[PDB]
Undergrad: 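Below you'll find the structure I mean.
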Amino acid sequence: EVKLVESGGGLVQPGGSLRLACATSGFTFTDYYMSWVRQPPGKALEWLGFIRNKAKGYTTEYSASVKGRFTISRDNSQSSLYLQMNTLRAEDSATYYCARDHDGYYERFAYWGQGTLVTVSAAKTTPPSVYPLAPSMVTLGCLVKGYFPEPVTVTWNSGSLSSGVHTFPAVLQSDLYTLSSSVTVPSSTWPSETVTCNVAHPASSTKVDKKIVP
Amino acid sequence: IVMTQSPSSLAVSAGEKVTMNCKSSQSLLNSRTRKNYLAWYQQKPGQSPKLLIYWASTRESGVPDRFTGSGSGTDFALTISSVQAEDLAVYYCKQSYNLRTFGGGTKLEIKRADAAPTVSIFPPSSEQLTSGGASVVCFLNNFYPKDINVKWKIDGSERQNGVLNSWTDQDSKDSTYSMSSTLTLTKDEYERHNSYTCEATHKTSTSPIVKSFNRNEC
Ligand SMILES: CO[C@@H]1C[C@](O)(C(=O)O)O[C@H]([C@H](O)CO)[C@@H]1O
């Protein structure tokens, strides 16, 4: 089982630097070119560069959009790949993926990590306020207002409620995200049973439970 | 090298076939290996991309027969047959003839029967009403097709200021969409008005679905 795990992402000031890491396993690392690819939220994939395999002397190439500003390196001993990003701007905000690339034969990225989110903004980290939304079938919700940066994870009953849920993409206004989540359940199960949305906002060590009271 | 995909999205019913196109700004056909260095990836919402096809028409191991890549030079296509709910994704082509470049993606949607939204309105929580502001929320849930109009009325007049709207991705379980609409006021402005109405106009009916409440009654 091949695995790639990106790390190092977070909120960084415009003009800043950031080193991302990609820890790899399950394969003969030096056999492979390795790429970085990014994706701004809700937008397309963009290839940033690669570092070549043992055979090609570990040389590097970059896309025009980042050539001169980003540097890729690998530590063979650690089975690790790195991306050094300099002079970061807002449009560098994206999920950064590492991928296993070419081997000298197979023209492909078979394996990709889960990504590491990078946000480039001077906007301040702020925890959310969490507000209940209370009223056949009945719909409740939670409003998760005024947080930064992304992401938050909202669950219902720490995950035990998972059908009938719609968590909406956050929207940014004046440097704060707001989103809501709704859950639809049988009337004959609320308010006879309790319902609690749990909001986690890692970036600010925030974990909130808020019971939906009728 | 520039990659362009068309169309940017399209809708196909379950069990039917979709074709999506990918064009290159210069040929991807490697004369030495006799292969087009063009690959296809699938990316489901909030997930990592997955390899489907490489060398234009070679399916990655474990990819079913219902995915077919074709084409040559600058002209490629991915076809999916027996499209199922699992296929909800954005599909990207990627050239590896000179470095690598991704196309801008084609979003696959599942076409289903038209469906009227379930509309729910929520007043500001008492806890938010102990705060400086007040958010009125309306959910328009499980509808099809995806485009919908929401209008807010305060004391009988349309209010467009401080309305923010958000859409979910197509729902995996039933192929519907949902949207939230949030109207945010100061607490004082919230308390200077009484009637709050959320009006959803959807191609399903000529008449909007209307939910309202009067602040006085809660
Ligand atoms: C499949 O990746 C190949 C990588 C490499 O061998 C390289 O090391 O740059 O280039 C190939 C080009 O078609 C140029 O030969 C392909 O892009």
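Below, read A as the first sequence line, B as the second, and so on, with proteins coming before strands; counting in each chain starts at 1.
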Undergrad: Looking at chain B, which one of A:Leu133, A:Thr178, A:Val171 has the largest number of heavy-atom pairs inside 4.5 Å, strictly under?
TA: A:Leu133
Undergrad: A:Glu107 and B:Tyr54: side-chain donor and acceptor closer than 3.5 Å?
TA: no
Undergrad: Kindly assign one of parallel, tilted or perpendicular to the pair A:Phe109 and B:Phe102, based on the angle between their ring planes and the thresholds 30° and 60°.
TA: perpendicular
Undergrad: What part of A:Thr167 lies closer than 4.5 angstrom to a heavy atom of chain B: side chain, backbone, both or neither?
TA: backbone
Undergrad: Check whether any side-chain heavy atom of B:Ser135 lies under 4.5 Å from a side-chain heavy atom of A:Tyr131, and answer yes or no.
TA: no
Undergrad: Roughly how far apart are A:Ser182 OG and B:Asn142 CG, rounded to 0.5 Å?
TA: 8.0 Å
Undergrad: Are B:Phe122 and A:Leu143 close enough, and set up right, to give a side-chain contact (heavy atoms from CB on, under 4.5 Å), and what steps lead you there?
TA: CA-CA 10 Å; B:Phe122 296 88; A:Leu143 169 65; over 6 Å; no
Undergrad: Would you mind checking which part of A:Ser65 comes under 4.5 Å of any heavy atom in chain B, side chain (CB onward), backbone (N, CA, C, O), both or neither?
TA: neither
Undergrad: Can you tell which of A:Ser63, A:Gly141, A:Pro169 has the highest number of heavy-atom pairs within less than 4.5 Å of chain B?
TA: A:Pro169
Undergrad: List the atom of B:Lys35, the atom of A:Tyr105, and the distance in Å for their closest heavy-atom pair.
TA: NZ-OH, 3.5 Å
Undergrad: Could you give the distance from CG (B:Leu99) to CZ (A:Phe50), rounded to the nearest 0.5 Å?
TA: 5.5 Å
Undergrad: Going by atom types only, do A:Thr184 and B:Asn141 share a side-chain donor-acceptor pair under 3.5 Å?
TA: no
Undergrad: Check whether B:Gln47 gets within reach of chain A through its side chain, its backbone, both or neither, counting any heavy atom under 4.5 Å.
TA: backbone
Undergrad: Let me know if B:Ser96 has heavy atoms under 4.5 Å from chain A in its side chain, its backbone, both or neither.
TA: side chain
Undergrad: Is B:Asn30 in contact with chain A via its backbone, its side chain, both, or neither, using a 4.5 Å heavy-atom distance?
TA: neither
Undergrad: Within the structure provided, determine whether A:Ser129 and B:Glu127 are in side-chain contact (heavy-atom separation under 4.5 Å).
TA: no
Undergrad: With a 6.0 Å cut-off (strictly less than), is the heavy-atom count around OH of A:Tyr106, excluding the residue itself, greater than 12?
TA: no
Undergrad: So for B:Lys50, is it side chain, backbone, both, or neither that comes closer than 4.5 Å to the heavy atoms of chain A?
TA: neither
Undergrad: For the candidates B:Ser120, B:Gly105, B:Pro49, which exhibits the highest count of non-hydrogen atom pairs separated by less than 4.5 Å from chain A?
TA: B:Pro49
Undergrad: Which bit of A:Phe168 is near chain B, if near means a heavy-atom gap under 4.5 Å: side chain, backbone, both or neither?
TA: both
Undergrad: So for A:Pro135, is it side chain, backbone, both, or neither that comes closer than 4.5 Å to the heavy atoms of chain B?
TA: both
Undergrad: Any chance CG of B:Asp114 has more than 12 other-residue heavy atoms, nucleotides or ligands included, within less than 6.0 Å?
TA: yes
Undergrad: Are side-chain heavy atoms of B:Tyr37 and A:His102 found at a separation under 4.5 Å?
TA: no
Undergrad: Please tell me if the side chains of B:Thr184 and A:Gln173 come closer than 4.5 Å, counting only heavy atoms from C-beta onward.
TA: no
Undergrad: Might you confirm whether atom CD of B:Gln160 has over 12 heavy atoms from other residues, nucleotides or ligands at distances under 6.0 Å?
TA: no
Undergrad: Side chain, backbone, both or neither: which part of A:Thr139 has a non-hydrogen atom closer than 4.5 Å to chain B?
TA: both
Undergrad: Write down the atom of B:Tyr92, the atom of A:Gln39, and the distance for their closest heavy-atom approach.
TA: OH-NE2, 3.3 Å
Undergrad: Can you tell which part of A:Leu48 gets under 4.5 Å to a heavy atom of chain B, answering side chain, backbone, both or neither?
TA: neither
Undergrad: Using non-hydrogen atoms only, which part of B:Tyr97 is less than 4.5 Å away from chain A: side chain, backbone, both, or neither?
TA: neither
Undergrad: Can you tell which part of A:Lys43 gets under 4.5 Å to a heavy atom of chain B, answering side chain, backbone, both or neither?
TA: backbone
Undergrad: To the nearest 0.5 angstrom, please state how far the NE2 atom of A:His166 sits from the OH atom of B:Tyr177.
TA: 13.5 Å
Undergrad: Name the region of A:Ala64, side chain, backbone, both or neither, that has any atom closer than 4.5 Å to a heavy atom of chain B.
TA: neither
Undergrad: Once you round to the nearest 0.5 Å, how far does CZ of B:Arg100 lie from OH of A:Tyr33?
TA: 7.0 Å
Undergrad: Among B:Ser125, B:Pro123, B:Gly133, which residue forms the greatest number of heavy-atom pairs with chain A at distances under 4.5 Å?
TA: B:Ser125
Undergrad: Check each atom of A:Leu45 against the heavy atoms of chain B and say whether the ones under 4.5 Å are side chain, backbone, both or neither.
TA: both
Undergrad: Would you mind checking which part of A:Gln114 comes under 4.5 Å of any heavy atom in chain B, side chain (CB onward), backbone (N, CA, C, O), both or neither?
TA: both
Undergrad: Can you tell me which portion of B:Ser178 sits under 4.5 Å from chain A's heavy atoms? Options are side chain, backbone, both or neither.
TA: both
Undergrad: Of the non-hydrogen atoms in B:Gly104 and A:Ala44, which two are nearest, and what is the gap between them?
TA: O-CB, 3.8 Å
Undergrad: From A:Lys145 NZ over to B:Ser131 OG, what is the distance, rounded to the nearest 0.5 angstrom?
TA: 8.5 Å
Undergrad: Distance-only, no hydrogens or angles: does the B:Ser48 side chain make a donor-acceptor pair with backbone N or O of A:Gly113 under 3.5 Å?
TA: yes
Undergrad: Which region of A:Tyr62, side chain (C-beta onward) or backbone (N, CA, C, O), has a non-hydrogen atom less than 4.5 Å from a non-hydrogen atom of chain B, or is it both or neither?
TA: backbone
